[PDB]
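> Here it is: the structure, laid out below.
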Amino acid sequence: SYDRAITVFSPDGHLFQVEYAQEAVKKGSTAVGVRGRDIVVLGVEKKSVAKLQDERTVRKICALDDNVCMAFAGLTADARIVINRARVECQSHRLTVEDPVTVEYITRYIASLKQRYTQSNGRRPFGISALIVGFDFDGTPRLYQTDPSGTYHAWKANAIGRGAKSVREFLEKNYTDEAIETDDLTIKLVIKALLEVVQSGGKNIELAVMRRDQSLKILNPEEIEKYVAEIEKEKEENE
Amino acid sequence: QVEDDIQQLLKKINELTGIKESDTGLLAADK
Amino acid sequence: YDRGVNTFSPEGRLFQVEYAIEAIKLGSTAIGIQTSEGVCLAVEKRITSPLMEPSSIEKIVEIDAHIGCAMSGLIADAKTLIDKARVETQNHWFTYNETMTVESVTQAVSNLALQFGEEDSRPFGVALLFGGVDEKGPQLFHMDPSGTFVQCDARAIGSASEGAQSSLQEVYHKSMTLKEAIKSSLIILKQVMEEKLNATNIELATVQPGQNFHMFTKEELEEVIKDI
Amino acid sequence: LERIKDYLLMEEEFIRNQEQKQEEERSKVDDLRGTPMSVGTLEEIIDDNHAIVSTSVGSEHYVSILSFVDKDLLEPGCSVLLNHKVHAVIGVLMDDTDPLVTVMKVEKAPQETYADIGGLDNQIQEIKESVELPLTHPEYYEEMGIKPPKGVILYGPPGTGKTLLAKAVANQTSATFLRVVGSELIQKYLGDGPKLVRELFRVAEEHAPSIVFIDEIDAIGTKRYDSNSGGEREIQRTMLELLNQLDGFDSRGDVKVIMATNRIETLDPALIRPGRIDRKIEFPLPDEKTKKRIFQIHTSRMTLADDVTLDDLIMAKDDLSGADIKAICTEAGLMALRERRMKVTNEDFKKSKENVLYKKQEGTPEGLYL
Amino acid sequence: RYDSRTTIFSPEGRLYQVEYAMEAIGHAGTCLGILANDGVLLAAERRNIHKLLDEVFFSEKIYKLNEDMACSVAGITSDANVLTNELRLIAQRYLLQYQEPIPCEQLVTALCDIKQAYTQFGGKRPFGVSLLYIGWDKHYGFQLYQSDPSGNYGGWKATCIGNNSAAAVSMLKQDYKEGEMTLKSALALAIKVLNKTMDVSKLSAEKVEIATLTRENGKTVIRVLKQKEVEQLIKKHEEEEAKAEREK
Amino acid sequence: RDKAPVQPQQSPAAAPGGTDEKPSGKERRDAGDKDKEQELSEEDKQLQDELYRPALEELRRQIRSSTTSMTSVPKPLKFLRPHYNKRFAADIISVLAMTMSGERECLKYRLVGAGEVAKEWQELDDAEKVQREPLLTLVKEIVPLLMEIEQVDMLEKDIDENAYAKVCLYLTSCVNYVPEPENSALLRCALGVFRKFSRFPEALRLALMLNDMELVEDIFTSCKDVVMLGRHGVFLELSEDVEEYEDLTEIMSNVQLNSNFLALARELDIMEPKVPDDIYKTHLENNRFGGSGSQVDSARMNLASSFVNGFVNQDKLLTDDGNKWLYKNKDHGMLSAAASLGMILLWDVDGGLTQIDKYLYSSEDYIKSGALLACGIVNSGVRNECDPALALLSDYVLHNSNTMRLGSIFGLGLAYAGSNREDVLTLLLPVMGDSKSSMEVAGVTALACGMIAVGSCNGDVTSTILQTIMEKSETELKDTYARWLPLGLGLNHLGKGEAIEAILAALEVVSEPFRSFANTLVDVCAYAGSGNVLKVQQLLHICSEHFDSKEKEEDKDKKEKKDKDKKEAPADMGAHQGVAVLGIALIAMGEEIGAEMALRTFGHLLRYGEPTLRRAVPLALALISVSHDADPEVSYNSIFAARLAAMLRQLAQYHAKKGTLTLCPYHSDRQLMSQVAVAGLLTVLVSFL
């Protein structure tokens, strides 16, 4: 019983820092991710270019292997350390059994490390929640999410960061059965998610794709302008 | 000047009505 | 005060273990019933979103080919304990060419269910139900965070366990049959749950001595649901 | 041009307000009264036409009543009229209308009515059927025979309309309203909280059916001061007196007790239980659609061009309040008088938007998170 | 309220010591580096300008770290020595392992991880030091980076130190340049920034410090320049002030 | 910039410096100048100077309009003939042409009485049709029909801003502040633009203020063109007065086009949906029959209780509750109970005959006369109940059928409102020529012919009410005659818009204060209410008249007059002392929804000691509310616990549970301080569905 420390329970059976460390994620930048049937795609919002510096270093979407893709929320330093560890874990797994690394094993690694990191004596838990997207077994699209407690939790679409309830609520009203594939409709689905974002500034949108066989492709802020134009065309056709 | 008129001269008619009423005005139980 | 695992109470007791027993209560419910025909077992999933894929959340896991489990509380302490049991069972088969019986499984788990110590960490926050078939027929086993392990004939855990045990002792006797205990359990489940009972809410795990393999029911559980 | 009628009606109102023998028995009662009609205070009442009073300094007498003004008016703890010649009780004095009434008993229906809401129309219906329908039309409690709900809790983010709904219930009212800010209940003495509780709710119970509204009541559990004698073992006594006051005895009365908090987690579970408070009421930040209703209402009486879409001020920020939109309006007016225009254009909204989202919502210096 | 250690969180979730480390940064020396191709610069303000020193070190904030990289620094001064010895050791380990100069980004992330390991672990004092980066590589050319006690690092082109440099960043945005790689232009711009932002009347050269880094034919030399060119830079900038008062 | 280069340009008198300086000043005329135009004292000398001199008129109206003037300012614009969406256009058009043309329209509207101000007025009308913010331009352009061509000139696209905004603020302010004759232009040109428009109850409220007969034909070919339907039959019949449903049923008796408007818009179809649906959606219990019908006995309170039970309308149960309750009853209460079966059932046309038929032609005069009274109560479209009563009426002094004359002349007054029914009034000539010593013969004569005659075409001074004036002044006896005959006189005066009938009856009538009280009755009824405050200061002075019953009705006119601007209706009548005046305010609250200030006045008015005023409080007190409601009732139980007070309490309980039909019967009630024979007609104030 108190917000210190991590080790003792509440008198009604809670952990304060486990519950409180998710708030740092919940005040963090928004990053969504869906799975198609063949091409999986995701993206972050709030690029927030401050007019005088470069932004190629602030990239919140990366990869550990050619088959898996990353995202996170919360603070950036824990994401840096966890991904730098996870690359070496992926490569050590590759040094073992010669398969491409399954998404399930590396999510069990990351959440397990995060949890046994939390259980120890006075280590501040990683206030992040990762998005781990891959299509490995005959191109079966999978995306799991993490938690500061360290619970991998398999979804079909995902939304975190600021206002994640509303952004996930849009996918409730959007995600019918016949999404994909239909890759173009998955493209427009990512575009409608970016239009349903908390700010949807139009130029602060950064999205990355994976066709389950190719590499990670960073798009261009003219294709997305065409996507916003055809989405506004669909809104006018609704009228 | 519709609602302005309405409030202004209606309260003025009220006050002018009040002015002529301000001018028109001029035990055995246990003792 | 009570502030830590290294301090008794003036009357008892921990006062950390008590808050772990309190932290049992937050979880979803689960019910197992021992029948000499075989051990049946059930759980609620408590699905939040339609995006939340239902077969991904694990409640019944497989430790041995004839030993099931069910978890109640913190997911990751339970995952650690399942990991250790999965290691230790295999070592017992390794060193003995035989199956570790489920009571001995539970003694092995409860050896460090309380080995909590930060110097010389915290105690764990999950209660576990073990179902299996040893040489003496089927076995149903109930442990706690405090390692006080005992056998139970039909134990219910988690949230709304009081009326579950009440209506369970209302219906239970020693000579039950299989499908009767199955429907008797899922009646109590749909009495303690808040949502409409369907194919995604619950899942069953049935182990039999002649049907040792596949301690699970997949979408025939729909047919079991529609018979009520 | 409306200054003429304004000044003339104001002066006529003041002059008509300043516009304020035949009876011989009344003059005989006047002559039974003294010329120096002194004033005293009661202690007890004895049935034999006379009772015991107390003087200013503390002399006490068995003095009788001029019986054309009733003795049922007399209660222990009242100020009376006394004589000099036999010191007899002369009559009833109008009571000390103490500064508790002049501060707390707000006579005024303050501002705009239920058309000043945003994101409402369920909670309005809750506070309506829990306070107004027990007040105005309690014929349905005849029709069934059920108790009205007692207590109301308003809780949510700061700037949600706790203040606004408190002013709304005090607008449509027919009962005496009382208002307390929850930070007042600690003073620089030992045991001043329970005295405040007892005198406050006694004055609440004495006049009429009433409504007691207290706000920021959470400022008593999670607040400490160097301006505090005793401390937690007097805060607990203040809480315990209010505890017995709220859910006590003796048919408490038609006094609706309505509370309003920012946070909810640091509060006594013995005070959110029913019996005390039957209608807990959520105030979430409701929707991105009634943003436009608050922009509509808060610009309903200011000249503005078209020049903007409220969707531009929907896709800017994720948490919404009247504290957002009214700040946008006021800062737009500051940018309007900054550029000496009317019919407020878009650039005022844009600079007002950015400067209001920055001041204040960011958290915290970079970085963290980002 | 929820103060005591660096670890664990305060319930928001916010932090205590990262914020207080930045507020420890703000009361220190002001430095800057500028947008320049074919070279890059560093500026620094002399703390403790008392007359009984020696200045026989030639470098007080600048540390020519590997060959082609220097670093300004700001904050608690002994922790800067602690980090700079280790950072030279990291760069020299990289050179030992590969026989290639370090391409500066993994160097920056390595130092950020060194700082971050003291952010998570407990109970240790995190380094209340921000510091700059200039350098050259085989992949991007001249570079600029901003280290932070959080472990976050920013690739800038015009950098930021604390309360004495928020107005400097404001002047850098309002007087932004792009396209001109002429180093004397950026040096005059930096002279203007330190003329306004430092409270030194008429900008005495003993209170300033300027270091540059140019690419010469294979060598990538670092120029800790002397005082007389600083003097004529001051006279040039004050002649530009006379050009500014030509509008009167 | 500085005024050094541009300021001495006013000094030369050469034409080219003016003819380029004034376009140069036109570019800076977007802000007028740098400042508040301190060129004035130097350029006012340039007045006497005379090519582009209308541009000099633009400069001159610009600077004189810029500082201040009331008549010389629009003179360069009326000399200018304006020639040669912008900020400059908002300046010289919006504020300068609005205020400047406004003072020209006011100054010439009060001064002369040209076409120049008509052309400028239409030009500013067009320019504010460009600006498109109405409300202020409209209320400015009222005071210059001009407003007619303004509306049909303005009304093309925007419907609800002009209709709702303009017709709301200018209808309310036109009845509020404006005198009557421009309201006809509101109503006729609003009949034009609303004749263009849909949502016809705007035109039906135009039928409320107009009372026109062409309108209902147009709105029935148009509201039959828009096929709810019986519901606009309902508020059609509620909205309409006595004249236009009989003119409507005669011209629609000719045409009818489907005959369903002869079904709806005379009678019986406002009332066929309600009473079954009244039984259906409402479920009223029995413990107020038994409890409120238990409030003891005494043949008064009990008699009143029968009335209270009777006005209960869950079936016509209190109608058919046995016998021996009316046998306990006595004469005028036997009128009240024989009519009470009328009061339970103001529907069931076929059931009315077969329920009243037992009490028809009975052994008792009061049972049969109150029974035909009940037949007059239950309906207004039957007219076959006339002849059994109508045939009997003549008695020639004071026999039975004169009491059937009271219930049947009154109940037939309840029954029909023709263009002028004349046959029933030819029956009314041997009624006033009969002149029984019973008051309510001439009472229901005047009141019933007034109910026939309310809504007359600006009234009439015809030989009907002229005859009752001369036969009124024939006999000066029983002053209730001298009170209730000017009732029906003023009822025939209702329907006025401009009637000089107060001057006509002023010449014929006035005398000793019986007929000066007739003068104040016509003075009350001829003056329904407008912005006409001169009779309100007349009310202030003649309110202080020493005769204290012309005080009663003359001050009682207030709730008729200022019924819409009701915030001024709180007055200091309680602060006065002429106790009938406290009665007058006690009337003046009345029955609408009754806010907390009204019940706050019932705080003091509830507590008074005279039994006619303590009697007078629960009536309007429970009319104004049709615990909470029963809280002042049990407070009245705390007041008494006389017999009058008990009766008053019963009346209050009954109450607890400008259409002329609700305007007449309470002014018929205003002589209550009297016999129960008067209270035998007390149950004829039929103003509620």
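If you go along the chain as it appears here, the first residue is 1 and each next one adds 1.
The way this entry was determined, per its header, is electron microscopy, 4.2 Å.
Every residue, even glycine, has its Cβ placed from backbone N, Cα and C.
Features from Swiss-Prot:
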type     : residues  : note
MOD_RES  : F:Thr19   : phosphothreonine
COMPBIAS : F:19-47   : compositional bias 'Basic and acidic residues'
REPEAT   : F:336-369 : repeat 'PC 1'
REPEAT   : F:407-441 : repeat 'PC 3'
REPEAT   : F:444-478 : repeat 'PC 4'
MOD_RES  : F:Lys478  : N6-acetyllysine
REPEAT   : F:487-516 : repeat 'PC 5'
REGION   : F:550-572 : region 'Disordered'
COMPBIAS : F:550-570 : compositional bias 'Basic and acidic residues'
> Just to verify a number: CA distance, F:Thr19 (phosphothreonine) to the residue listed as 'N6-acetyllysine', in angstrom, no decimals.
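Here the two Cα atoms lie 89 Å apart.
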> Taking 10 A as the limit, how many CB atoms besides its own sit near the CB of F:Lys478 (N6-acetyllysine)?
12
> Would you list the DSSP helix, strand and coil counts for the residues of the repeat 'PC 4' (F:444-478)?
22 helix, 0 strand, 13 coil
> With Cβ-Cβ distances below 8 Å as the criterion, list the same-chain residues six or more beyond the ends of the repeat 'PC 1' (F:336-369) that contact it, or say none.
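Long-range Cβ neighbours of the repeat 'PC 1' (F:336-369): 268, 271-272, 274-275, 303, 306-307, 310-313, 316, 318-320, 325-326, 329, 375-379, 382, 385, 388, 400-401, 403-404, 406-408, 411, 679-680, 682-684, 686.
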> Under 8 Å between C-beta atoms and at least six residues away from its ends: which parts of the chain pack against the repeat 'PC 5' (F:487-516)?
180, 211, 241, 243, 443, 445-451, 453-462, 464-466, 468-469, 473, 476, 479, 522-528, 547, 549-550, 660, 663-664, 667-668
> Can you see whether DSSP assigns F:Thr19 (phosphothreonine) to helix, strand or coil?
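Looking at the DSSP assignment, F:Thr19 (phosphothreonine) belongs to a helix.
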> The residue listed as 'phosphothreonine' has how many other Cβ neighbours within 10 Å of its own Cβ?
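Taking all protein chains shown, the residue listed as 'phosphothreonine' has 14 Cβ neighbours within 10 Å.
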> Would you mind splitting the repeat 'PC 1' (F:336-369) into helix, strand and coil residue counts from DSSP?
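Taking each residue of the repeat 'PC 1' (F:336-369) in turn, the totals are 20 helix, 0 strand, 14 coil.
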> If you run through the repeat 'PC 5' (F:487-516) with DSSP, how many residues end up as helix, strand and coil?
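So the repeat 'PC 5' (F:487-516) is made up of 20 helix, 0 strand, 10 coil.
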> By DSSP assignment, list the helix, strand and coil residue numbers for the repeat 'PC 3' (F:407-441), in that order.
22 helix, 0 strand, 13 coil
